[PDB]
>>> print(open('structure_30.txt').read())   # compact mmCIF, C-alpha atoms (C1' of nucleotides) and all ligand atoms
# COMPACT_ATOMS: atom_id res chain seq x y z
CA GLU A 1 140.49 82.54 154.90
CA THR A 2 139.06 79.88 157.10
CA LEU A 3 137.67 77.54 154.52
CA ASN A 4 141.00 75.98 153.96
CA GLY A 5 142.79 77.07 157.14
CA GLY A 6 143.93 73.80 158.83
CA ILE A 7 145.16 72.93 155.40
CA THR A 8 147.26 75.94 155.01
CA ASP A 9 148.32 75.92 158.62
CA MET A 10 149.89 72.49 158.50
CA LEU A 11 151.52 73.37 155.12
CA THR A 12 153.09 76.20 156.87
CA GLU A 13 154.21 73.96 159.83
CA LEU A 14 155.77 71.69 157.20
CA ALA A 15 157.36 74.38 155.06
CA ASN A 16 158.84 75.96 158.12
CA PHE A 17 160.54 72.98 159.39
CA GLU A 18 161.99 72.08 156.03
CA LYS A 19 163.66 75.38 155.93
CA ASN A 20 164.92 75.69 159.64
CA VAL A 21 165.53 72.07 160.61
CA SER A 22 166.37 70.42 157.37
CA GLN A 23 167.87 72.58 154.93
CA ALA A 24 165.13 71.75 152.36
CA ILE A 25 164.69 75.21 151.01
CA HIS A 26 163.03 73.83 147.92
CA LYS A 27 160.83 71.67 149.98
CA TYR A 28 160.15 74.44 152.09
CA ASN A 29 159.38 76.63 149.10
CA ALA A 30 157.00 74.00 147.95
CA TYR A 31 154.84 74.06 151.12
CA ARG A 32 154.58 77.73 150.71
CA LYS A 33 153.29 78.15 147.20
CA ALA A 34 150.91 75.37 148.03
CA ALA A 35 149.73 77.09 151.11
CA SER A 36 149.47 80.19 149.07
CA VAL A 37 147.20 78.86 146.40
CA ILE A 38 144.96 76.77 148.73
CA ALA A 39 144.50 79.91 150.75
CA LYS A 40 143.04 81.75 147.70
CA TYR A 41 140.91 78.76 146.70
CA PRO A 42 137.27 79.62 147.01
CA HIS A 43 136.03 76.21 147.94
CA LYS A 44 136.37 73.85 150.86
CA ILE A 45 138.93 71.22 149.81
CA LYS A 46 137.33 67.95 150.56
CA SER A 47 140.09 65.77 149.18
CA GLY A 48 143.70 65.55 148.16
CA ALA A 49 142.78 64.79 144.61
CA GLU A 50 140.65 67.90 144.42
CA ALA A 51 143.60 69.71 145.82
CA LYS A 52 146.16 68.30 143.47
CA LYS A 53 144.09 69.89 140.85
CA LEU A 54 145.84 72.94 142.02
CA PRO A 55 149.11 74.30 140.77
CA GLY A 56 151.87 73.98 143.35
CA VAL A 57 150.01 70.87 144.35
CA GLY A 58 151.64 67.66 143.68
CA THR A 59 151.38 64.16 144.84
CA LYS A 60 153.20 64.34 148.24
CA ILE A 61 151.40 67.41 149.39
CA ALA A 62 148.16 65.89 148.22
CA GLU A 63 149.00 62.78 150.21
CA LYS A 64 149.43 64.83 153.27
CA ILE A 65 146.12 66.63 152.85
CA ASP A 66 144.26 63.41 152.59
CA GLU A 67 145.69 62.10 155.76
CA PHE A 68 144.93 65.36 157.37
CA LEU A 69 141.41 65.44 156.28
CA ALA A 70 140.85 61.79 156.78
CA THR A 71 142.24 61.92 160.37
CA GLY A 72 142.57 64.98 162.59
CA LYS A 73 146.28 64.90 162.50
CA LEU A 74 149.40 64.21 160.58
CA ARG A 75 152.02 61.58 161.58
CA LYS A 76 154.86 63.68 160.31
CA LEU A 77 153.63 66.83 161.96
CA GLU A 78 153.30 64.88 165.16
CA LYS A 79 156.55 63.14 164.56
CA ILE A 80 158.33 66.71 164.25
CA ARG A 81 156.45 68.33 167.25
CA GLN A 82 158.06 65.86 169.60
CA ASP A 83 161.69 65.66 168.58
CA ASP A 84 163.84 67.57 170.84
CA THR A 85 166.31 68.65 168.06
CA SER A 86 163.64 70.33 166.04
CA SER A 87 162.12 71.97 169.08
CA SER A 88 165.58 73.31 169.81
CA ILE A 89 166.17 75.25 166.72
CA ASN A 90 162.76 76.68 167.27
CA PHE A 91 163.71 77.82 170.71
CA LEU A 92 167.29 78.98 170.18
CA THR A 93 166.08 81.09 167.32
CA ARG A 94 164.10 83.30 169.73
CA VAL A 95 167.30 84.88 170.74
CA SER A 96 168.16 88.03 168.86
CA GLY A 97 171.14 87.22 166.79
CA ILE A 98 170.39 83.47 166.49
CA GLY A 99 169.15 82.53 163.20
CA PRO A 100 168.68 78.96 162.17
CA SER A 101 172.16 78.46 160.95
CA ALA A 102 173.50 79.21 164.33
CA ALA A 103 170.59 77.48 166.00
CA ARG A 104 171.82 74.42 164.20
CA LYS A 105 175.46 74.49 165.17
CA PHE A 106 174.64 75.07 168.81
CA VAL A 107 172.47 72.12 169.04
CA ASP A 108 175.02 70.19 167.35
CA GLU A 109 177.33 71.10 170.11
CA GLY A 110 174.76 70.34 172.75
CA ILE A 111 173.59 73.86 173.30
CA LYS A 112 169.97 73.53 173.40
CA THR A 113 168.65 75.54 176.23
CA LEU A 114 168.98 79.06 177.73
CA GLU A 115 171.46 78.05 180.38
CA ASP A 116 173.29 76.22 177.71
CA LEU A 117 173.76 79.45 176.20
CA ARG A 118 174.80 81.27 179.39
CA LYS A 119 177.51 78.66 180.08
CA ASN A 120 178.67 79.10 176.54
CA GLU A 121 178.63 82.76 176.42
CA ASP A 122 182.00 82.42 174.87
CA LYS A 123 180.43 80.96 171.71
CA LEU A 124 177.99 83.76 171.30
CA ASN A 125 178.96 86.96 169.54
CA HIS A 126 178.08 90.51 170.59
CA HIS A 127 174.54 90.76 169.19
CA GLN A 128 173.84 87.30 170.38
CA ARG A 129 175.20 88.24 173.69
CA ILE A 130 172.98 91.18 174.16
CA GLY A 131 170.25 89.09 172.82
CA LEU A 132 170.58 86.53 175.56
CA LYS A 133 170.90 89.21 178.18
CA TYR A 134 167.57 90.75 177.19
CA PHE A 135 165.78 87.55 176.24
CA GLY A 136 162.64 88.08 178.30
CA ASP A 137 162.46 92.03 177.90
CA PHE A 138 162.98 91.54 174.21
CA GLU A 139 159.94 89.43 173.93
CA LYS A 140 157.84 91.99 175.79
CA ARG A 141 155.40 94.00 173.82
CA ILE A 142 155.78 97.81 174.12
CA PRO A 143 152.69 99.55 175.48
CA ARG A 144 151.94 102.76 173.55
CA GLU A 145 152.02 104.44 176.88
CA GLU A 146 155.80 103.82 176.90
CA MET A 147 156.05 104.51 173.26
CA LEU A 148 155.02 108.23 173.82
CA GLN A 149 157.43 108.89 176.68
CA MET A 150 159.99 107.24 174.46
CA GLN A 151 159.14 109.16 171.44
CA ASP A 152 159.23 112.17 173.57
CA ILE A 153 162.81 111.87 174.45
CA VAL A 154 164.05 111.06 170.94
CA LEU A 155 162.33 113.93 169.43
CA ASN A 156 163.78 116.41 171.86
CA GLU A 157 167.33 115.38 171.76
CA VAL A 158 167.34 114.91 167.99
CA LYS A 159 166.23 118.42 168.21
CA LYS A 160 168.79 119.97 170.48
CA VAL A 161 171.47 118.47 168.20
CA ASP A 162 170.25 120.10 164.97
CA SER A 163 167.18 122.05 164.42
CA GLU A 164 167.03 120.75 160.92
CA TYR A 165 166.61 117.33 162.05
CA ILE A 166 163.44 115.50 161.07
CA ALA A 167 162.43 112.47 162.93
CA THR A 168 159.59 110.28 162.66
CA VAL A 169 158.19 107.46 164.61
CA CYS A 170 156.85 105.12 161.97
CA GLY A 171 155.58 101.61 162.59
CA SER A 172 152.29 100.45 164.08
CA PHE A 173 152.56 103.12 166.79
CA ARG A 174 151.99 105.49 163.98
CA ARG A 175 148.82 103.80 162.81
CA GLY A 176 147.30 104.24 166.32
CA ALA A 177 148.60 100.82 167.62
CA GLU A 178 148.06 100.25 171.27
CA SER A 179 151.37 98.48 171.59
CA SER A 180 154.34 97.79 169.47
CA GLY A 181 157.22 95.39 169.43
CA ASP A 182 160.15 97.70 168.70
CA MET A 183 160.75 101.41 167.90
CA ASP A 184 161.73 102.62 164.41
CA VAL A 185 162.57 106.12 163.90
CA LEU A 186 162.85 107.47 160.29
CA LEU A 187 165.47 110.07 159.92
CA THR A 188 166.58 112.93 157.68
CA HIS A 189 168.40 116.07 157.52
CA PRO A 190 168.11 118.74 154.88
CA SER A 191 171.73 118.50 154.12
CA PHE A 192 171.37 114.79 153.21
CA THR A 193 170.22 113.76 149.89
CA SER A 194 169.93 111.66 146.80
CA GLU A 195 173.05 113.11 145.11
CA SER A 196 174.44 114.72 148.29
CA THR A 197 177.52 112.68 149.04
CA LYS A 198 177.08 111.02 152.32
CA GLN A 199 177.27 112.45 155.78
CA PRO A 200 177.75 109.84 158.50
CA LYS A 201 177.96 112.34 161.32
CA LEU A 202 174.46 113.00 160.40
CA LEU A 203 173.47 109.64 161.94
CA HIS A 204 176.39 109.33 164.41
CA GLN A 205 175.65 112.50 166.19
CA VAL A 206 172.22 111.71 167.37
CA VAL A 207 173.09 108.20 168.42
CA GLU A 208 175.60 109.68 170.73
CA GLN A 209 173.29 112.11 172.45
CA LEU A 210 170.84 109.36 173.07
CA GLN A 211 173.38 107.28 174.70
CA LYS A 212 174.68 110.43 176.10
CA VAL A 213 171.72 111.06 178.18
CA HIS A 214 171.20 107.27 178.65
CA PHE A 215 168.37 106.58 176.44
CA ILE A 216 170.46 104.32 174.37
CA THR A 217 171.92 101.38 176.20
CA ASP A 218 173.73 99.08 173.73
CA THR A 219 174.60 99.10 170.08
CA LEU A 220 173.70 96.00 168.04
CA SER A 221 174.92 97.27 164.78
CA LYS A 222 176.03 100.71 163.86
CA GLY A 223 176.51 101.42 160.18
CA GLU A 224 176.42 104.75 158.41
CA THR A 225 172.71 104.86 157.74
CA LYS A 226 171.33 102.34 160.15
CA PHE A 227 171.89 102.04 163.73
CA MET A 228 170.40 98.92 165.42
CA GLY A 229 170.27 99.34 169.17
CA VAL A 230 168.73 98.84 172.68
CA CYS A 231 167.20 101.53 174.77
CA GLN A 232 165.29 102.23 177.83
CA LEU A 233 163.10 104.59 179.74
CA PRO A 234 164.95 105.80 182.75
CA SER A 235 163.75 104.00 185.73
CA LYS A 236 161.84 106.66 187.69
CA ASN A 237 161.88 106.47 191.47
CA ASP A 238 163.60 103.09 191.81
CA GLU A 239 161.14 100.20 192.18
CA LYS A 240 160.02 100.08 188.58
CA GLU A 241 162.73 99.85 185.96
CA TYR A 242 161.73 99.44 182.39
CA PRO A 243 162.39 96.70 180.04
CA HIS A 244 165.00 96.95 177.47
CA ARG A 245 163.53 97.84 174.18
CA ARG A 246 164.59 97.26 170.55
CA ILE A 247 165.33 100.45 168.62
CA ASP A 248 166.32 101.41 165.18
CA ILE A 249 167.21 104.66 163.74
CA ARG A 250 167.81 105.22 160.11
CA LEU A 251 169.04 108.06 158.02
CA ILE A 252 167.31 108.94 154.82
CA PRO A 253 168.09 111.47 152.10
CA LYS A 254 165.65 114.21 152.65
CA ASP A 255 164.58 113.87 149.09
CA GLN A 256 162.74 110.59 149.66
CA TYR A 257 161.52 110.62 153.27
CA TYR A 258 157.77 110.56 152.91
CA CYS A 259 157.94 107.66 150.46
CA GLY A 260 159.89 105.92 153.15
CA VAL A 261 157.74 107.36 155.90
CA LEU A 262 154.66 106.28 154.24
CA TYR A 263 156.18 103.05 153.38
CA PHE A 264 157.27 102.08 156.89
CA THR A 265 153.88 103.02 158.40
CA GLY A 266 152.01 100.38 156.33
CA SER A 267 150.03 98.17 156.89
CA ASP A 268 151.44 96.08 154.06
CA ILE A 269 147.78 95.77 153.13
CA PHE A 270 147.22 99.52 152.91
CA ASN A 271 150.46 99.70 150.96
CA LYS A 272 149.53 97.19 148.33
CA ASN A 273 146.22 98.87 147.72
CA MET A 274 147.99 102.17 147.47
CA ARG A 275 150.50 100.51 145.18
CA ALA A 276 147.81 98.97 143.07
CA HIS A 277 145.97 102.26 142.63
CA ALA A 278 149.04 104.43 141.98
CA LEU A 279 149.52 102.04 139.12
CA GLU A 280 146.01 102.61 137.84
CA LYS A 281 146.40 106.32 138.14
CA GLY A 282 149.56 105.78 135.91
CA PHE A 283 152.33 105.40 138.56
CA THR A 284 154.97 103.74 140.48
CA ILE A 285 155.58 103.44 144.19
CA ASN A 286 158.27 102.13 146.48
CA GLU A 287 160.19 102.49 149.67
CA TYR A 288 162.10 105.49 148.17
CA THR A 289 160.08 107.30 145.49
CA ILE A 290 156.98 107.78 143.21
CA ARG A 291 157.37 107.88 139.42
CA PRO A 292 155.24 108.46 136.30
CA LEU A 293 154.46 105.39 134.21
CA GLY A 294 155.30 105.59 130.54
CA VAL A 295 153.25 103.57 128.13
CA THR A 296 156.24 101.81 126.29
CA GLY A 297 155.99 99.16 128.92
CA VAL A 298 157.34 101.03 131.87
CA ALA A 299 159.60 104.02 132.46
CA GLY A 300 160.67 106.27 135.30
CA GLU A 301 161.67 109.64 136.70
CA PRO A 302 161.15 110.82 140.29
CA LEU A 303 158.22 112.86 141.17
CA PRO A 304 158.90 115.55 143.76
CA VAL A 305 157.43 114.93 147.33
CA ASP A 306 157.27 117.30 150.38
CA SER A 307 154.85 115.29 152.46
CA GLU A 308 152.66 112.20 152.53
CA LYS A 309 150.30 114.85 151.10
CA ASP A 310 152.24 114.97 147.82
CA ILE A 311 152.01 111.23 147.26
CA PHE A 312 148.22 110.71 147.71
CA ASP A 313 147.51 113.82 145.61
CA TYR A 314 149.60 112.36 142.82
CA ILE A 315 147.63 109.12 142.50
CA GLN A 316 144.72 111.40 143.22
CA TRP A 317 143.58 109.92 146.48
CA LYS A 318 141.96 110.60 149.77
CA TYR A 319 144.65 111.59 152.25
CA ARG A 320 144.50 109.00 154.94
CA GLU A 321 145.30 109.73 158.48
CA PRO A 322 147.69 107.20 159.65
CA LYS A 323 145.07 105.85 162.03
CA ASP A 324 143.01 104.58 159.08
CA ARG A 325 146.00 103.36 157.07
CA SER A 326 145.07 99.88 158.21
CA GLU A 327 143.64 98.35 155.09
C1' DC B 1 169.13 95.85 152.37
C1' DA B 2 172.83 97.04 155.60
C1' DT B 3 175.82 95.33 158.78
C1' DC B 4 178.87 91.75 161.16
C1' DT B 5 181.88 87.67 161.50
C1' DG B 6 185.41 85.33 160.16
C1' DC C 1 184.98 87.73 150.19
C1' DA C 2 180.22 84.54 151.34
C1' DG C 3 176.99 83.88 154.40
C1' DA C 4 174.32 85.24 158.40
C1' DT C 5 170.81 88.08 160.70
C1' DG C 6 167.38 91.54 161.36
NA NA D 1 166.88 84.81 166.29
NA NA D 2 176.71 79.33 146.65
ZN ZN D 3 132.19 74.90 146.26
ZN ZN D 4 162.01 98.06 163.44
>>> encode(input="structure_30.txt", output="structure tokens", more="lines below")
Ligand code: NA
Ligand code: NA
Ligand SMILES: [Zn+2]
Ligand SMILES: [Zn+2]
Amino acid sequence: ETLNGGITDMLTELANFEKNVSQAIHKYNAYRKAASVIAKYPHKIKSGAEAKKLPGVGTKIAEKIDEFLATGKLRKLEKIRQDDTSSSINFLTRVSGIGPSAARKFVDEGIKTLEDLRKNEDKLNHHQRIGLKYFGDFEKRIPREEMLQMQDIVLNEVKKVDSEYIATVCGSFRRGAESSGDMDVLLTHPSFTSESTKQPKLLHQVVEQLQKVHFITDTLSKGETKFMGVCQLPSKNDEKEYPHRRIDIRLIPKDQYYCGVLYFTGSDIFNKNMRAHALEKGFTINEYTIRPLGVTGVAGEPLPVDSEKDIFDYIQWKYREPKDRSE
DNA sequence: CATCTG
DNA sequence: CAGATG
């Protein structure tokens, strides 16, 4: 957790590049298991050989560790940190809609910077376009103070549209979080469910309203259950306009909301622990539902939930306010 | 995993 | 339809 940090950190630096710059997915995968195990390892690795002793740890990675220990750096790491091409992919990626694949091709066409992009706006697609347009704003954290005003608006309009709507602002913001990165709203209607055959209007109506009154600015992707968009808090008394914020809204069958609600709220850490216990208590838990573990190995059948209250109870646990859902 | 591009 | 991105 700090006894083998530098070690894992470089391993990450290495794994990462294999993946994004080279295509070396395996390679990349290697650095990762390695970093995984060395992370868990209870002692302070004083040598490659000692390391190698580990599973996931081979000869090359050992090699690397020695050099790292032996001297405060790594030639290769240093060699990679310079190279403009590598640095490029790393940069270009920062733009919503640019993944590595794309990051690659652009560089290969000379697009390396931000302007590069701008001039080649033709080569970007819609998402990518928006992405570039909101580059800075997109990287801006969202103060909870904005989060509330924001949440305010969604919740009202979702409301005027259908009284039976049920919206929820999951995420960190939910676990108290002083600031978040984006805004994910969990959504369900009573007339939407597990067997219930679709209902796209269900999602499409609210999206409209939002854009209707201006809260929603752009659409990134708009499927029948997931809408990926951009939004923004009406600039007040002209002087202070807000940034453009990421926003997702997603429809869920009412019959498996709280699993999802719970689920989204995290932290992953809380989740695991809750997953690990549910299991003790003789259960199963996931994004969608909670089921009773049979002894034959496994087995299923959905347990019936009406609130985060129903889940905890089940695995017989202390209901945890979302504030203390941390770990 | 759901959505887009092509 | 494979393959990308979030
Ligand atoms: Na990106
Ligand atoms: Na293939
Ligand atoms: Zn020891
Ligand atoms: Zn999100």
>>> interface_residues(input="structure_30.txt", of="chain A", to="chain B", cutoff="10 Å", atoms="all atoms listed in the file", output="MDAnalysis selection string")
chainID A and resid 125:127 220:228
>>> residues_near_ligand(input="structure_30.txt", ligand="ligand ZN 3 (chain D)", cutoff="9 Å", atoms="all atoms listed in the file", output="ChimeraX atom specification")
/A:42-45
>>> write_last_selection(input="structure_30.txt", atoms="C-alpha atoms", output="mmCIF file, keeping the file's coordinate frame")
data_model
loop_
_atom_site.group_PDB
_atom_site.id
_atom_site.type_symbol
_atom_site.label_atom_id
_atom_site.label_comp_id
_atom_site.auth_asym_id
_atom_site.auth_seq_id
_atom_site.Cartn_x
_atom_site.Cartn_y
_atom_site.Cartn_z
ATOM 1 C CA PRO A 42 137.270 79.620 147.010
ATOM 2 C CA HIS A 43 136.030 76.210 147.940
ATOM 3 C CA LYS A 44 136.370 73.850 150.860
ATOM 4 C CA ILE A 45 138.930 71.220 149.810
#
>>> residues_near_ligand(input="structure_30.txt", ligand="ligand ZN 4 (chain D)", cutoff="6 Å", atoms="only C-alpha atoms (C1' of nucleotides) and all ligand atoms", output="PyMOL selection string")
chain A and resi 182-184+248
>>> closest_residue(input="structure_30.txt", among="A:238, A:18, A:280, A:208", to="residue 317 in chain A", atoms="all atoms listed in the file")
A:280
>>> interface_residues(input="structure_30.txt", of="chain C", to="chain A", cutoff="9 Å", atoms="all atoms listed in the file", output="list in words")
residues 4, 5 and 6 of chain C
>>> atom_distance(input="structure_30.txt", atom1="CA of residue 165 in chain A", atom2="CA of residue 289 in chain A")
20.4 Å
>>> residues_around(input="structure_30.txt", residues="residue 136 in chain A", least_positions_apart="4", cutoff="9 Å", atoms="all atoms listed in the file", output="list in words")
residues 132, 140 and 243 of chain A
>>> atom_distance(input="structure_30.txt", atom1="CA of residue 247 in chain A", atom2="CA of residue 117 in chain A")
23.9 Å
>>> atom_distance(input="structure_30.txt", atom1="CA of residue 203 in chain A", atom2="CA of residue 181 in chain A")
22.9 Å
>>> closest_residue(input="structure_30.txt", among="A:69, A:92, A:51, A:74", to="ligand NA 1 (chain D)", atoms="all atoms listed in the file")
A:92
>>> closest_residue(input="structure_30.txt", among="A:94, A:212, A:53, A:76", to="ligand NA 1 (chain D)", atoms="all atoms listed in the file")
A:94
>>> residues_around(input="structure_30.txt", residues="residue 261 in chain A", least_positions_apart="2", cutoff="9 Å", atoms="all atoms listed in the file", output="list in words")
residues 168, 169, 170, 186, 256, 257, 258, 259, 263, 264, 265, 287 and 308 of chain A
>>> residues_around(input="structure_30.txt", residues="range 19-35 of chain A", least_positions_apart="6", cutoff="12 Å", atoms="all atoms listed in the file", output="NGL selection string")
:A and (1 or 4-13 or 41 or 51-62 or 64-65 or 80-81 or 83-93 or 98-105 or 107-108)
>>> closest_residue(input="structure_30.txt", among="A:128, A:284, A:149, A:211", to="ligand NA 1 (chain D)", atoms="only C-alpha atoms and all ligand atoms")
A:128
>>> axis_aligned_box(input="structure_30.txt", around="chain C", padding_each_side="3 Å", output="AutoDock Vina command-line options")
--center_x 176.2 --center_y 87.7 --center_z 155.8 --size_x 23.6 --size_y 13.7 --size_z 17.2
